[PDB]
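Colleague: So the protein lines, in turn, are chains A and A'. A prime marks a further copy of an entry chain. Note that the authors' numbering has the first sequence beginning at 23, numbered continuously upward. Note that the authors' numbering has the second sequence beginning at 23, numbered continuously upward. By construction, the Cβ of each residue, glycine as well, lies at the ideal position given by its N, Cα and C atoms. Got a structure for you, written out below as structure tokens; questions coming shortly.
Protein chains: 2
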Amino acid sequence: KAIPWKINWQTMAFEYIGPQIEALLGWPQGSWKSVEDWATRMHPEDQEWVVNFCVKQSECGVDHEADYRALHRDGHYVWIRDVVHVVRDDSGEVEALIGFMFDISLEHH
Amino acid sequence: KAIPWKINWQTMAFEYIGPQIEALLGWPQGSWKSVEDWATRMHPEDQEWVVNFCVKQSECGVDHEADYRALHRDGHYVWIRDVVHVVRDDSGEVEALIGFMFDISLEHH
């Protein structure tokens, strides 16, 4: 059920994202190209804080997690928990973000 | 709260594991040396299936997750969900396991 994913820090593009993302959010798996897609497919009141929070924590190399309403292609919202581990390269600089997205619908019933 | 970790498939040793593992399970963070430690610090009825399940799924390169009672150093058990992503090298062979351990105590109250 967990959806694995990884983001290239330099380009901010998705290296990969599990196919379960399609069953969960409906958008074609191949449509998840970059962080911009992740930021767009989110509830308006959540975009208001999640993006800034994740950016700040990532830049500081601090692992983090956020709960928000993800936008399904059909228009309804799905509660998701995004858990992020920050990876640094040999020189100590942020190189990528790796983690999982979890459907936490049951926690909101 | 999530505990990040990674295992070198060849040596089956922990490359790293978040410091939160100490606050959660009590054992010194540096004590988590290999899969053997992970397998030992688990409820006896769970060791009976979790180890075999994870091994089988990992060898097949299939992401998986398992819920089990982890052993705290003080002797009591803590419900944990281990989520695993399998990483393959350039030749297509299993190279490592990366994921997170989550305290799911609230789901068992």
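Near residue 187/A', what residues of its chain come up, given a Cβ to Cβ distance below 7 angstroms and the 5 sequence neighbours on each side ignored?
Modeller: Residue 187/A' is absent from the model: chain A' starts at 23 and stops at 131.
Colleague: Figure out for me which residue from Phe122/A', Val106/A', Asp125/A' and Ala45/A' has the closest Cα to the Cα of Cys82/A'.
Modeller: Answer by Cα proximity: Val106/A'.
Colleague: Are the region 109 to 124 of chain A and the region 41 to 60 of chain A' touching by the rule of at least three beta carbon pairs closer than 8 angstroms?
Modeller: Because the criterion of three Cβ pairs below 8 angstroms is not met, the region 109 to 124 of chain A and the region 41 to 60 of chain A' do not touch.
Colleague: Would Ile120/A' pass as an interface residue toward chain A - the criterion being a Cβ-Cβ separation below 8 angstroms?
Modeller: Chain A contact via Cβ: present.
Colleague: Quick one, which residues of the region 74 to 101 of chain A' are near chain A if we go by CB-CB under 7 angstroms, in chain order?
Modeller: Going along the region 74 to 101 of chain A' in chain order, one finds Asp85 and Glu87 with a Cβ nearer than 7 angstroms to chain A.
Colleague: Below 9 angstroms on C-beta distance, what does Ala61/A' contact in chain D?
Modeller: Absent from the structure is chain D; the protein chains it does hold are A and A'.
Colleague: Does the distance from the CB of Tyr90/A to the CB of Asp112/A come in under 8 angstroms?
Modeller: The answer is no: Cβ separation not under 8 angstroms.
Colleague: Check for me: the beta strand (DSSP E) holding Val105/A' runs from which residue to which?
Modeller: Per DSSP, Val105/A' belongs to the beta strand (DSSP E) from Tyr99 to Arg110.
Colleague: How would you list, in chain order, the residues of chain A' whose beta-carbon sits under 7 angstroms from the beta-carbon of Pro66/A?
Modeller: What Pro66/A touches in chain A': nothing, since even the nearest Cβ is about 26 angstroms away.
Colleague: Can you check whether the CB of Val109/A is closer than 8 angstroms to the CB of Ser80/A?
Modeller: No, these two residues do not count as a Cβ contact at 8 angstroms.
Colleague: Between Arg95/A' and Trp31/A', how many whole angstroms is the CB-CB distance? I'm expecting something under 8 angstroms.
Modeller: So it is not a contact: roughly 27 angstroms between Cβ atoms.
Colleague: Going by DSSP in three states, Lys28/A' sits in which element: helix, strand or coil?
Modeller: In this structure, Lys28/A' counts as strand in the three-state DSSP scheme.
Colleague: Please report the straight-line C-alpha distance between residue 134/A and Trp71/A, rounded to a whole angstrom.
Modeller: Nothing about residue 134/A can be reported from this structure: the residues present for chain A run from 23 to 131 only.
Colleague: Measure the CB-CB distance between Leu93/A' and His65/A' and report whether it falls below 8 angstroms.
Modeller: Going by C-beta atoms, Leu93/A' is nearer than 8 angstroms to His65/A'.
Colleague: At least one CB of chain A closer than 8 angstroms to the CB of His131/A': is that the case?
Modeller: No, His131/A' lies away from the interface with chain A (no Cβ there is under 8 angstroms from its Cβ).
Colleague: Considering only the beta carbon of each residue, do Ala118/A' and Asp104/A' sit closer than 8 angstroms?
Modeller: Not in contact: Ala118/A' and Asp104/A' (Cβ atoms no closer than 8 angstroms).
Colleague: By Cβ distance below 7 angstroms, which residues in the same chain neighbour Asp59/A' in space, the five residues on each side in sequence not counted?
Modeller: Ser53, listed in sequence order.
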